[PDB]
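First up is the structure itself, then whatever we jot down about it.
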Amino acid sequence: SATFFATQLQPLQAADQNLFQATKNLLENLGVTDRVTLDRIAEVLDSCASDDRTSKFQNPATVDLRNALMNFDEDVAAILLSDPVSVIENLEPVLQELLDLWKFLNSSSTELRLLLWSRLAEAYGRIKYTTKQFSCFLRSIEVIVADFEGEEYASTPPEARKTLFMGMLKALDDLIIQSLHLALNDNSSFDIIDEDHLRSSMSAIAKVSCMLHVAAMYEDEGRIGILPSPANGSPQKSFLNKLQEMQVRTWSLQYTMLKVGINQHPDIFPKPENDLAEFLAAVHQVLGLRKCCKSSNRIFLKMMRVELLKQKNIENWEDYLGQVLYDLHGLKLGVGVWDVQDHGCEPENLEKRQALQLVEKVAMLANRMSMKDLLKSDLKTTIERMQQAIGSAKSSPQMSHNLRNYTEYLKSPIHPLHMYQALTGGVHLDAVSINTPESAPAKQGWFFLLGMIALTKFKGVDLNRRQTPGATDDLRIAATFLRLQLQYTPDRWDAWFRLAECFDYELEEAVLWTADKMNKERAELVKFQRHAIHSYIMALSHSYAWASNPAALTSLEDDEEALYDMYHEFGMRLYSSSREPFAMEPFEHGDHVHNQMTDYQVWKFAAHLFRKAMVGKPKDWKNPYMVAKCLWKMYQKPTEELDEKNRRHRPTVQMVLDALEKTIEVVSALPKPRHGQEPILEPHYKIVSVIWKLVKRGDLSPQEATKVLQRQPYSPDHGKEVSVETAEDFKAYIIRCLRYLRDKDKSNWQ
Amino acid sequence: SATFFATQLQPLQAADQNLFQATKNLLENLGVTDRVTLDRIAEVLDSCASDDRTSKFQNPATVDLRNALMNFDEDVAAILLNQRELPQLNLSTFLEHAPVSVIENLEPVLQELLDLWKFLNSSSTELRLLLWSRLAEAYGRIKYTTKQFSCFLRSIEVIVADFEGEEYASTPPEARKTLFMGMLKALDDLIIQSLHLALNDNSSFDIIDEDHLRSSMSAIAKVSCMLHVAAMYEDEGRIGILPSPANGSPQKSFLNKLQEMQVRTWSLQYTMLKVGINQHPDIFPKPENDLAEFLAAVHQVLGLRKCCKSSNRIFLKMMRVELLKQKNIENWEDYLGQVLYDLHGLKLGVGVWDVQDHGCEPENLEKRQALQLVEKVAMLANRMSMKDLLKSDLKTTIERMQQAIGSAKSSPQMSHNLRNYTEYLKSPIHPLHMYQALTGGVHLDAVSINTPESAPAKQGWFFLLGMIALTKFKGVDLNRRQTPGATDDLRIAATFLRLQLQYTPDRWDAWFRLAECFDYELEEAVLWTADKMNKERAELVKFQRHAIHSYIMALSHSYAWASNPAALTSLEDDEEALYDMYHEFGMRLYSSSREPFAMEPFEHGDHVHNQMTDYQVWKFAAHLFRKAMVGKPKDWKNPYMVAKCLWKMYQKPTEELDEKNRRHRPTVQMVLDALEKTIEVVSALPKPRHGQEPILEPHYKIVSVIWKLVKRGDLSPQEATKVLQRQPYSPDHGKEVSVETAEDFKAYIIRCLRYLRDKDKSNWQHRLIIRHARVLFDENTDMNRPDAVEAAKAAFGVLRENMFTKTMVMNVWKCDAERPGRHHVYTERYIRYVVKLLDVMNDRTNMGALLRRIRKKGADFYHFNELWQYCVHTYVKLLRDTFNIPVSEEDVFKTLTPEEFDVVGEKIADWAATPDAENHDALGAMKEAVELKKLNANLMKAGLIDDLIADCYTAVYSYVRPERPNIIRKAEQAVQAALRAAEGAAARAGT
């Protein structure tokens with residue numbers, strides 16, 4: 001029972017001890033030499049090192065508070081429940097007859113004294129000298145602490161000491177409310193405040209924080225059930241929150257003194273953001289263990305939200321703000337060392353401008369997470385709350401100019417001149433990078449991120465495994481999101497590339513399921529390919545300047561993998577549209593003025609991309625094989641159909657067979673496939689078919705073909721020389737080549 | 001005739017040549033390689049290289065303008081003079097010539113799309129210009145600022161192309177004359193909105209690429225090529241080659257409309273060239289220089305043709321703003337001065353060029369215009385001295401600008417800071433702050449106010465203002481200022497430096513010039529009238545009290561300034577001025593601790609705080625003089641006042657010294673070298689010119705000092721002769737004199753005093769001459785010495801030769817090193833020595849003659865009533881010393897009845913009329929005592945005068961009888977009957 005109570009009380013008391021210890025270190029960093037304050041802090045520390053924390057306190061007002069909380073009194077708790085230039089000339093020397101008034105100051109009540117401060121603060125309020133008003137707020141408070149430790153308080157009878165102190169504490173409350181409001185809402189509060197005025201100031205506030213910590217002992221002992229807990233609706237329970245809302249104000253007021261205290265000391269605090277954050281992490285730990293952060297309209301919680309967004313290079317600010325956003329709006333990031341602790345705060349609804357401040361830090365955390373993990377995490381659920389709160393941006397006329405240039409470029413015919421300009425990166429769109437606060441999502445690429453999430457929804461739901469369509473609306477959501485991101489950003493070649501990716505998946509959905517669209521709606525399929533190809537051009541053009549930019553290759557190394565995939569997906573698109581059922585169908589100029597590409601020049605273009613995709617992805621066995629397909633189709637092209645320049649640049653039998661030996665060399669460089677995985681016979685099968693056609697054409701002798709045909713790893717009589725002199729003996733060995741390949745074709749799918 | 005016309009044309013043609021040359025070079029440097037534009041500019045060069053500029057032009061539009069202006073037609077000018085009325089979007093107008101959806105149709109135009117292009121090659125020019133107006137309207141309707149601006153640029157290139165177009169070249173000229181002005185009305189209205197968007201929103205230069213810039217800005221130069229001949233046409237009437245158009249004519253209104261069009265289009269050229277120079281800084285390494293030279297070429301051409309104020313001064317309101325942002329040009333001040341002369345008349349008188357008239361009237365400069373004019377003037381103000389400020393026209397511009405700015409309104413910080421200056425000024429003097437001032441550790445409670453109204457004071461604008469006002473106060477010397485009344489600039493500068501110090505308390509220089517204003521205010525009260533020293537002592541203490549507080553805060557903020565090297569070079573005269581602060585702190589401190597002031601600002605009689613000693617303040621001042629001596633190595637006064645400091649410290653006796661400063665007492669030798677240190681610097685001075693008195697002020701001072709301490713016993717008289725012969729004014733210099741007695745020390749010092757009086761040819765060194773009397777006759781000697789009457793006579797022979805007249809008038813003239821209020825005191829210090837001098841000599845005759853001079857010069861004597869006590873009582877002694885008057889201790893008139901006393905008192909008066917009573921000493925001493933009561937006029941108590949009268953009357957009564965108010969009354973009638981017989985005897989002798 002008692003050991004269980006000590007086990008429950010121990011980590012929160014450890015948090016309090018570390019909070020007061022780091023507070024003490026922050027005091028001693030600034031030359032605060034008030035040993036009374038240090039002794040009060042050490043009294044708090046040894047009290048929190050004890051089970052009976054209230055016994056070790058020896059300040060008289062704190063044990064008066066202990067008697068007030070122990071012996072509840074209804075009315076005592078209900079107590080807590082014209083030229084200004086002339087006046088400031090009167091009171092400022094006060095705060096020969098001046099020495100008599102100073103003697104009159106010592107003979108007077110403290111309640112009379114604060115009215116002199118309040119009249120002085122009114123005169124500063126009349127001339128709007130808020131800094132002097134903030135100063136005399138602080139000068140008023142430290143007098144009430146001195147008489148709290150005064151011997152007149154010690155000589156007071158305890159029946160008088162109940163009500164007289166209770167008036168002073170209630171008067172202490174409303175000064176803090178005004179001063180914190182002057183601290184939070186006005187930056188000029190700390191101009192005339194010197195160090196020793198400040199060193200007198202927060203030491204009183206820390207003592208007040210020490211004083212309120214004595215009141216904090218009753219609640220947590222009342223939380224467990226050793227103490228009688230007040231009923232709901234009782235004025236005692238209402239009195240506790242009336243105390244605790246000041247404590248929320250107190251440390252935040254202490255934080256404003258700490259923030260000025262952290263500043264002006266660069267030799268003392270080389271990491272000034274973190275030490276400010278360390279206090280704020282500790283206090284919200286202290287309040288959040290005690291369920292105290294939600295009170296007083298979350299003014300501390302709203303304050304800490306602003307400060308974390310200012311700080312950038314903190315280690316684990318995301319741990320701190322994640323606890324805040326779980327408290328404020330229930331935005332579970334799911335990252336960081338500490339899980340989000342239950343603080344009993346309702347999730348307040350996410351306002352749009354409130355969501356838009358968080359974009360610059362959300363996208364930083366989301367950029368390091370894998371897309372598959374981004375499907376599983378709660379990080380996307382924050383984005384779902386954010387984007388619904390943010391919504392669609394306003395219709396800018398500058399965006400509408402950039403929008404309408406996209407529609408005519410996407411319906412533009414395929415210019416062969418611009419293909420060579422894509423090699424130079426000279427293809428530019430009629431667009432301008434606009435400068436608006438609505439583009440600050442696009443300046444961080446937030447609309448790019450929305451496209452990647454919905455694409456991974458499309459990529460995650462496997463189309464081969466799709467027995468039910470209709471979940472392609474997210475692709476249309478992403479395509480609108482990609483069009484939104486591309487309007488602000490011309491240079492985002494990846495946004496062009498994902499746009500180029502999305503057009504094929506719409507085309508794949510049309511042609512895989514129904515063959516009727518190949519007979520009735522060919523024009524929109526022509527439109528989709530031409531939409532894809534022109535998307536790839538700027539995805540080639542803007543990536544070429546990106547590849548020419550060396551610092552752009554440094555960040556996000558997977559985009560270089562996306563760069564080489566774009567090189568693969570370029571020539572994949574070129575070879576696909578040049579054959580059936582299309583056969584250069586987007587390349588027509590029936591409604592078009594300009595030249596068209598030939599199929600030969602398309603196949604001349606695509607292999608060099610596959611040559612470039614071979615360099616970046618050497619384990620990609622397709623890229624040498626796709627090189628070998630196009631050059632053989634270039635070898636399929638007759639010389640008379642070629643012009644004079646391209647007749648010299650037609651591939652030779654030496655260079656065609658160079659790539660045919662190259663692709664199976666790369667296939668042999670791969671490790672062997674596992675059980676249940678047959679190796680790809682298509683590099684092995686297609687090299688035989690061209691050689692058989694080369695013998696059928698007669699450019700390749702069957703004797704010299706069989707030298708090539710027995711270097712294959714799946715050759716009949718491999719490693720043993722077989723000489724061939726007749727075509728029928730060649731056709732017999734070709735039959736032996738096919739049937740031995742049919743031995744490797746176990747599933748009968750070649 | 002023609003040679004004269006070419007001579008007048010030659011600066012105009014040179015300016016046009018340099019303008020088009022710079023335009024050609026900058027167009028070439030932007031890559032505009034169109035040969036036709038270069039050929040047009042070269043044709044303008046051919047025009048400007050010859051007298052017949054008009055014949056060399058061969059472009060059809062230029063010669064069409066030339067033909068239009070050679071024979072002017074009113075109906076030709078009617079469409080340009082009247083405003084443009086736009087035909088609407090009508091099918092009938094389309095037949096005659098033949099917002100987003102409007103953008104989506106028309107911007108494709110700018111096979112059915114190709115059908116429009118063939119038609120637009122054959123349609124009207126303005127029909128295309130209608131669409132460019134319509135597209136800019138749609139761009140205006142969507143409020144695209146850059147796209148609406150871009151349509152304006154393309155529309156310019158249309159109508160320039162038609163002037164090279166063959167449709168206009170093949171038009172019949174009667175139709176073309178309407179067509180030339182009709183396009184020109186369409187031309188000029190486009191430049192109205194083109195300039196307006198180019199000087200309001202800078203977003204209009206967004207979508208312009210390189211070639212768009214190279215297309216648009218080249219056509220503007222063609223307009224600048226074409227419009228040049230119109231100003232050339234006006235120049236023919238300017239020299240009288242052609243007749244001028246009459247005022248109020250259509251010819252006059254046609255011409256100035258072309259003037260306000262030509263300047264307006266030229267301002268558009270500056271906007272494209274500014275954006276075009278940027279983005280290519282390799283081509284333009286100094287973009288401030290080329291933009292200034294481009295504006296210099298434009299404004300000089302328009303200025304000679306008086307086009308600056310044209311088109312509502314829109315070029316001038318652009319040029320001044322862009323010159324303000326640039327700071328590191330050389331001779332921008334040349335470019336600034338002519339521009340502000342064209343707008344306000346603020347002639348600066350600096351740079352290479354003086355102002356030349358551009359035919360423009362000034363406008364009164366407003367407050368916000370002056371705030372932009374703060375910074376460039378303030379740098380230009382610091383280049384000149386205050387004397388050069390007092391001769392420049394820049395001073396006249398500043399007084400307008402302060403009239404333009406006005407007095408600033410007080411902030412709550414300003415009410416806080418200026419009050420704390422007064423409370424510090426009302427504070428008593430503490431030695432802690434002066435010890436802190438040597439550390440520089442004194443600060444004031446005054447926050448640095450951060451407002452744009454302090455950006456004047458951040459340049460020291462208010463600091464400049466008092467420096468002008470103090471220069472005018474210092475411009476007339478106060479020796480030559482015989483007319484007080486030109487003294488309000490002292491109070492004007494006194495108001496100004498507080499306003500500087502409110503925003504900038506840390507400026508040590510603003511505290512220092514504030515102190516001299518309080519210092520000079522102390523002079524003018526006491527220089528003419530000693531009555532303020534007589535009656536108004538409560539205010540004269542306050543001036544030096546507030547001076548000393550201001551002198552502290554000058555020193556404290558100087559300590560950071562004098563010890564850091566960064567301020568040690570900036571405005572090197574202020575480094576020289578910092579050593580002048582040390583010299584006038586010590587001359588202020590040493591002044592207020594002696595007569596007439598006598599330590600008055602030091603006390604705390606209103607209050608708590610310890611007051612300083614004079615020994616504490618003499619050592620404090622001597623700290624300043626040596627610190628003055630390093631930065632003033634040739635200034636002899638800084639060793640001179642440090643020599644006077646230790647002598648006051650040495651003459652201060654050791655008993656009243658504190659035991660800390662008892663160890664800090666300098667030796668007898670420690671003042672001898674410092675006097676010789678001054679006489680070293682005086683010997684190190686350059687030799688004085690003819691008519692200049694040499695500085696023997698060290699020389700008799702060390703003579704007087706060595707006279708004292710030898711007679712005080714600090715040195716033997718033999719050892720003094722070596723120290724005396726080191727000095728440059730030693731008589732028989734280099735010849736050794738051995739002195740064994742004090743009388744031998746008396747004679748040689750008298751020979752030194754005679755030698756210095758040989759150098760007193762102007763007869764001014766009365767301190768030497770009163771010490772020549774002092775060495776001859778010491779005050780503290782025994783009165784019964786037999787030579788003391790003789791030594792006072794030889795002392796009087798020195799004084800009456802030099803300063804004292806035969807009617808006993810001394811001439812205490814104010815020395816240049818003498819302090820204000822000191823010579824009033826120094827006169828009566830010479831009086832009390834002279835009164836005791838004539839006491840030993842028993843000179844009763846010259847005392848009464850001197851007494852009339854004291855009575856006449858009563859207002860000139862400090863503490864004159866107290867001086868009249870000592871002089872009368874010594875003369876009462878001198879009346880008793882000369883005449884041996886017994887003191888009537890016993891009243892002999894008690895035996896007389898008042899009836900019998902009237903009998904004897906009339907018998908005494910009848911005895912006094914006898915000539916035997918003239919030899920009576922008691923009657924004669926009563927006669928001067930009667931005149932002494934008349935000369936008193938109850939300035940003192942008259943009862944002491946009546947004591948000498950009644951004792952003289954009783955001594956008379958002790959003589960006539962063998963032969964209190966009634967006693968004096970019968971004594972009054974005794975002198976009255978005596979003087980009646982004296983006038984009766986003198987009257988009968990003359991008859």
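Note on naming: chains are A, B, ... as they come in the structure tokens, residues start from 1 per chain, ligands start from 1 in the order shown.
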I'd like the neighbourhood of residue 74 of chain A as a PDB file with C-alpha atoms, in the first residue's frame, where a residue qualifies if any of its atoms comes within 10 Å (using only C-alpha atoms), though same-chain residues fewer than 6 positions away should be ignored.
ATOM      1  CA  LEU A  81     -13.437  33.180  -5.589  1.00  0.00           C
ATOM      2  CA  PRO A 235     -16.625  24.599  -4.034  1.00  0.00           C
ATOM      3  CA  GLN A 236     -13.465  22.896  -2.719  1.00  0.00           C
ATOM      4  CA  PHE A 239     -11.160  26.226  -5.416  1.00  0.00           C
TER       5      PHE A 239
END
Long-range neighbours of residue 820 of chain B as a compact mmCIF listing (two decimals) with C-alpha atoms, in the first residue's frame, 10 Å cut-off, only C-alpha atoms, 4 positions minimum in chain:
# COMPACT_ATOMS: atom_id res chain seq x y z
CA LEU B 522 27.08 82.53 -16.75
CA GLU B 523 29.29 85.12 -18.48
CA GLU B 524 26.62 87.48 -19.85
CA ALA B 525 24.93 87.94 -16.47
CA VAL B 526 28.19 88.92 -14.79
CA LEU B 527 30.31 90.49 -17.55
CA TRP B 528 28.51 93.84 -17.69
CA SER B 591 36.96 79.09 -11.37
CA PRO B 596 33.71 85.49 -6.63
CA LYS B 814 40.27 92.33 -18.00
CA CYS B 815 43.13 90.07 -19.05
CA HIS B 824 35.67 93.01 -10.03
### Task
Run DSSP on the backbone and give me the residues of segment 122-262 of chain B it puts in alpha helix (DSSP H), as a PyMOL selection string.
chain B and resi 122+125-141+145-163+166-169+173-198+210-226+228-238+250-262
### Message
Contacts from chain B to chain A, 10 Å maximum, only C-alpha atoms: show me the residue list as JSON, numbers by chain.
### Response
{"B": [100, 103, 104, 111, 139, 142, 143, 144, 147, 206, 207, 411, 412, 413, 415, 416, 419, 445, 446, 447, 606, 607, 608]}
Would you export the selected residues with N, CA and C atoms as an mmCIF file, in the first residue's frame, please?
data_model
loop_
_atom_site.group_PDB
_atom_site.id
_atom_site.type_symbol
_atom_site.label_atom_id
_atom_site.label_comp_id
_atom_site.auth_asym_id
_atom_site.auth_seq_id
_atom_site.Cartn_x
_atom_site.Cartn_y
_atom_site.Cartn_z
ATOM 1 N N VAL B 100 -11.890 36.293 -69.476
ATOM 2 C CA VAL B 100 -11.015 35.132 -69.615
ATOM 3 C C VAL B 100 -11.232 34.461 -70.965
ATOM 4 N N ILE B 103 -9.474 36.492 -73.475
ATOM 5 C CA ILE B 103 -8.061 36.123 -73.473
ATOM 6 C C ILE B 103 -7.859 34.808 -74.215
ATOM 7 N N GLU B 104 -8.780 33.859 -74.029
ATOM 8 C CA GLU B 104 -8.651 32.545 -74.652
ATOM 9 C C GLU B 104 -8.904 32.562 -76.155
ATOM 10 N N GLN B 111 -6.524 26.345 -88.744
ATOM 11 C CA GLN B 111 -6.545 26.998 -90.046
ATOM 12 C C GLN B 111 -7.390 28.265 -89.988
ATOM 13 N N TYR B 139 -7.177 41.953 -69.520
ATOM 14 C CA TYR B 139 -6.129 41.801 -68.519
ATOM 15 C C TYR B 139 -6.312 42.789 -67.380
ATOM 16 N N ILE B 142 -9.222 41.177 -65.307
ATOM 17 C CA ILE B 142 -8.711 40.164 -64.387
ATOM 18 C C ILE B 142 -7.610 40.703 -63.493
ATOM 19 N N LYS B 143 -7.242 41.982 -63.674
ATOM 20 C CA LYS B 143 -6.252 42.722 -62.882
ATOM 21 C C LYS B 143 -4.861 42.098 -62.941
ATOM 22 N N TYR B 144 -4.520 41.460 -64.056
ATOM 23 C CA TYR B 144 -3.156 40.992 -64.272
ATOM 24 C C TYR B 144 -2.316 42.202 -64.644
ATOM 25 N N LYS B 147 0.524 41.407 -67.417
ATOM 26 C CA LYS B 147 -0.008 41.054 -68.732
ATOM 27 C C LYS B 147 -0.666 42.249 -69.409
ATOM 28 N N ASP B 206 7.744 41.463 -64.888
ATOM 29 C CA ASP B 206 7.912 40.051 -64.560
ATOM 30 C C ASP B 206 8.126 39.198 -65.804
ATOM 31 N N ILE B 207 7.181 39.234 -66.740
ATOM 32 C CA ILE B 207 7.123 38.223 -67.789
ATOM 33 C C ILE B 207 7.969 38.614 -68.991
ATOM 34 N N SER B 411 7.213 62.102 -27.282
ATOM 35 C CA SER B 411 6.846 60.734 -26.970
ATOM 36 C C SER B 411 6.762 60.565 -25.460
ATOM 37 N N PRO B 412 6.120 59.487 -24.977
ATOM 38 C CA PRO B 412 6.247 59.147 -23.546
ATOM 39 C C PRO B 412 7.672 58.866 -23.097
ATOM 40 N N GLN B 413 8.517 58.339 -23.985
ATOM 41 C CA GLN B 413 9.942 58.245 -23.684
ATOM 42 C C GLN B 413 10.585 59.625 -23.628
ATOM 43 N N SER B 415 9.098 62.474 -22.783
ATOM 44 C CA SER B 415 8.711 63.073 -21.511
ATOM 45 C C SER B 415 9.456 62.432 -20.350
ATOM 46 N N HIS B 416 9.788 61.150 -20.477
ATOM 47 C CA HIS B 416 10.567 60.471 -19.452
ATOM 48 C C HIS B 416 12.022 60.920 -19.461
ATOM 49 N N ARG B 419 12.755 64.855 -18.564
ATOM 50 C CA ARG B 419 12.553 65.106 -17.141
ATOM 51 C C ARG B 419 13.741 64.616 -16.326
ATOM 52 N N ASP B 445 19.424 57.639 -16.749
ATOM 53 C CA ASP B 445 18.190 56.897 -17.004
ATOM 54 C C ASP B 445 17.473 57.571 -18.170
ATOM 55 N N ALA B 446 17.848 57.156 -19.376
ATOM 56 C CA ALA B 446 17.250 57.669 -20.605
ATOM 57 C C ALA B 446 17.344 56.574 -21.656
ATOM 58 N N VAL B 447 16.204 56.003 -22.023
ATOM 59 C CA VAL B 447 16.176 54.924 -23.003
ATOM 60 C C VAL B 447 16.362 55.512 -24.394
ATOM 61 N N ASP B 606 20.735 72.607 0.486
ATOM 62 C CA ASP B 606 19.337 72.209 0.365
ATOM 63 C C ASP B 606 19.100 70.833 0.969
ATOM 64 N N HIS B 607 20.116 69.979 0.966
ATOM 65 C CA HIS B 607 20.007 68.651 1.555
ATOM 66 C C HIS B 607 20.751 68.588 2.883
ATOM 67 N N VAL B 608 23.343 65.027 3.523
ATOM 68 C CA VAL B 608 23.143 63.689 2.984
ATOM 69 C C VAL B 608 24.386 63.261 2.219
#
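Between atom CA of residue 94 of chain A and atom CA of residue 37 of chain A lies a distance of 26.8 Å.
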For residue 653 of chain A, list every protein, DNA or RNA residue within 10 Å, evaluated using only C-alpha atoms, and leave out those in the same chain fewer than 5 positions away; present the list as a CSV table (one decimal) with C-alpha atoms, in the first residue's frame.
chain,number,residue,atom,x,y,z
A,632,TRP,CA,17.0,-5.1,-84.2
A,635,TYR,CA,18.1,-3.5,-88.2
A,658,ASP,CA,27.2,-7.2,-79.3
A,694,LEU,CA,19.5,-13.8,-89.8
A,699,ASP,CA,23.4,-12.4,-93.6
A,700,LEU,CA,24.6,-14.9,-91.0
### Query
Near segment 351-358 of chain A, within 6 Å and counting only C-alpha atoms, which residues show up once chain neighbours fewer than 2 positions away are dropped, as a list in words?
residues 360, 361, 386, 389 and 390 of chain A
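Reported to one decimal place, the separation of atom CA of residue 455 of chain B from atom CA of residue 467 of chain B is 18.2 Å.
From atom CA of residue 647 of chain B back to atom CA of residue 708 of chain B, the distance works out to 10.9 Å.
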### Message
Just want the 12 Å neighbourhood of residue 468 of chain B, counted on only C-alpha atoms, with same-chain residues fewer than 2 positions away dropped. Output as a PyMOL selection string.
### Response
chain B and resi 381-382+384-392+394-396+398-399+461-466+470-475+489-490+492-494+496-497+513
### Query
What lies within 8 Å of segment 228-243 of chain B using only C-alpha atoms, ignoring chain neighbours under 3 positions off, as an MDAnalysis selection string?
chainID B and resid 5 8 54 62 65:66 224:225 255 258:259 305
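Proximity ranking of A:321, A:687, A:417, A:523 relative to residue 595 of chain A places A:417 first, based on only C-alpha atoms.
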### Query
Within 10 Å of residue 720 of chain B, counting only C-alpha atoms, which residues qualify if same-chain residues fewer than 2 places away don't, as JSON, numbers by chain?
{"B": [703, 706, 707, 709, 710, 715, 716, 717, 718, 722, 723, 724, 725, 738, 739, 745]}
Residue selection dump (C-alpha atoms) as an mmCIF file, in the first residue's frame:
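Once written, again.cif looks like this:
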data_model
loop_
_atom_site.group_PDB
_atom_site.id
_atom_site.type_symbol
_atom_site.label_atom_id
_atom_site.label_comp_id
_atom_site.auth_asym_id
_atom_site.auth_seq_id
_atom_site.Cartn_x
_atom_site.Cartn_y
_atom_site.Cartn_z
ATOM 1 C CA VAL B 703 59.093 85.037 -9.406
ATOM 2 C CA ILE B 706 59.930 81.912 -5.250
ATOM 3 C CA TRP B 707 59.495 85.200 -3.404
ATOM 4 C CA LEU B 709 58.502 80.179 -0.230
ATOM 5 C CA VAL B 710 61.946 81.651 0.411
ATOM 6 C CA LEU B 715 64.301 77.585 0.327
ATOM 7 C CA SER B 716 67.417 79.590 1.071
ATOM 8 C CA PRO B 717 67.726 82.830 -0.956
ATOM 9 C CA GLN B 718 71.030 81.616 -2.432
ATOM 10 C CA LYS B 722 69.895 79.390 -9.826
ATOM 11 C CA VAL B 723 66.198 78.593 -10.344
ATOM 12 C CA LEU B 724 65.549 82.235 -11.268
ATOM 13 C CA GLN B 725 68.371 82.224 -13.813
ATOM 14 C CA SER B 738 74.964 85.490 -5.309
ATOM 15 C CA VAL B 739 72.321 86.368 -2.715
ATOM 16 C CA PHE B 745 66.739 88.654 -2.206
#
